[PDB]
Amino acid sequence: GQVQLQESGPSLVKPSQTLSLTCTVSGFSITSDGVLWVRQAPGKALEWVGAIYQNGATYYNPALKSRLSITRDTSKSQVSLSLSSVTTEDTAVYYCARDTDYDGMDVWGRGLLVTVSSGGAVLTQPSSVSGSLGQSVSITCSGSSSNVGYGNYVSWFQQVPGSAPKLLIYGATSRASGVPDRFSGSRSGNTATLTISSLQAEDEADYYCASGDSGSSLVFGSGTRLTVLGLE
C-alpha cells in the first residue's frame, strides 16, 4: 500500500490544555479524498470525531463540537486536529482515515495513543456472538430512519486487538477491495446485517457498524465481539 496516513503529536496533554495532532497523508491528494478522525478510548467502541472533505468543508461530532477545530494544509498534505479543554475522558487512540468517493473509508492510519493526565446518537449491536469453524454468523445493527434508515451509507469494520479498523462492507452491501467474499452486508429498514460464512480462526475480532446520519454526522455502533469455536 502506497496510500497511507500517519498521525503525529505529543500524547500526554495536561487537563484543560489543547490536544493537537497532525495527520500526514501520502499517495493521494486531500483535494481528491476526505480525511476523518476517529478515536477509541482504552476499552470502548469507535467514536467519530470529525471529518474534512475535498473542498475543506468540515463536519463535527455534535458531542465534541464544543471544543473541536479541524484544519488542513494542502501544500504539505496535512490535516490538523485541535481538541480544547481536554480531560481524562479524552484519553484515547486517535485514528485518521481516508473517505473516498467509491471505496468507502478504505485506508486508516495506525493510531496514536494520547493520555490526558496531570501529576502522574445510537446504533445497537449484540455485544457478543460466536460460531465454530466453517459455519455462518450474523451480526445485526439497529438504529433509525435518520441513519441506517436514511439509505445505503452503512459501513462495517473489523478490528483486531491493538489495530486500526479494516473496512469490510461499504454502501451497506458493497464489499471493499481485498475483502474476501465470505463477508456480505444487507439492510432491511432500520437494521443492517453483516454475514460471515466459512468462519475462520482469524475472523475472531470486534465488529463495528457505522452509518451516515441525516445531520451530516457519522455514527458507529457499540461493537460486537466474535469468538470462534475450534477443536484444538
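Residue indices: 1-based, along the sequence shown.
> Report, from the record, the number of residues in the deposited sequence between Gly120 and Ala121 that have no coordinates, as none, 1 to 3, 4 to 9, or 10 or more.
Gap between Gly120 and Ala121: 10 or more unmodelled residues.
> Out of 166-174 and 198-206, which stretch has the higher average CA B-factor listed in the record?
Going by the record's values, the stretch with the higher mean is 198-206.
> Look over 124-132 and 149-157 in the entry and identify the one with the greater average Cα temperature factor.
Mean B over CA atoms: larger for 149-157.
> If I read the C-alpha B-factors straight from the PDB entry, which of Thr100, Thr74, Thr71, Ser85 is highest?
Each of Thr100, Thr74, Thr71, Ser85 was compared by C-alpha B-factor; the highest is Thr74.
> Using the temperature factors in the entry, find which of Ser188, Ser29, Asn55, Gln40 has the highest value at its Cα atom.
Comparing C-alpha B-factors across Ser188, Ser29, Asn55, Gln40, the top value belongs to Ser188.
> Looking at the C-alpha B-factor of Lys65, is it in the lowest, middle or highest third of its chain?
Highest third - that is where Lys65 ends up once the chain's C-alpha B-factors are sorted.
> Lowest, middle or highest third of the chain for the C-alpha temperature factor of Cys96?
Bottom third by C-alpha B-factor.
> Test of reading the entry: by CA B factor among the chain's modelled residues, which third contains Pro15?
Its C-alpha B-factor, which the entry lists for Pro15, ranks in the middle third among residues of this chain.
> Split the chain's modelled residues into thirds by Cα B-factor; is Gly109 in the lowest, middle or highest one?
For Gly109, the deposited C-alpha B-factor lands in the lowest third.
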